[PDB]
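Just one chain follows, in the form deposited in one PDB entry, and it is written as structure tokens.
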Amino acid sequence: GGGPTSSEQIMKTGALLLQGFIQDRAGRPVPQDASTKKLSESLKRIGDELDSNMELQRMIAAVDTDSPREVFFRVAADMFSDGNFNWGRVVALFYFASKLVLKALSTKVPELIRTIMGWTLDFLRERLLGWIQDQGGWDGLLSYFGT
């Protein structure tokens, strides 16, 4: 039963805060206690402020994220390379983690659309093509819609 200074409480509360923070921005709910809720509120509004920092957004938009773990560790090391610490940097790091999540999804989306189109077009070719040809192709669907 350690207090706030214990590493166990630090890792526990850290996970909670981070998850709440990331999930919040990804929704665009994680059960937490009152003081943790107060911190989550401050975090949320700072993330909002950073979302409006337009130079930062363009920078993050441009970094290529096919090896996102390399990117995360390189940015994290660089942010703290001068041997200084403050809470603003920790907040900033959390913000960066949430941006990586969103960046990662965005690279998944086209591949997912491609894979599923693959299934659908394969089914269409082997099972529907004959009937579609009898309609005179997709122009038959124009007729159907009354165009």
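Whichever C-alpha set is largest while still superposing within 1.5 Å between the two forms counts as the rigid core. In case it trips you up, residue 1 is the first one in the sequence shown, and so on.
- Displacement analysis by core superposition in 5 other deposited structures of this protein ranks 105-113 above the other of 105-113 and 81-89 in root-mean-square C-alpha distance from the shown form.
- In 5 other deposited structures of this protein, superposed on the rigid core, the segment with the larger root-mean-square CA displacement between 41-49 and 56-64 is 56-64.
- For residue 28, the record comparison shows coordinates absent in at least a third of the other entries of this protein that model its neighbours.
- For the pair 59-67 and 81-89, the mean Cα B-factor is higher in 59-67.
- When the two stretches 101-109 and 118-126 are set side by side, the higher mean Cα temperature factor goes to 101-109.
- Residue 6: CA B factor lies in the lowest third for its chain, per the PDB record.
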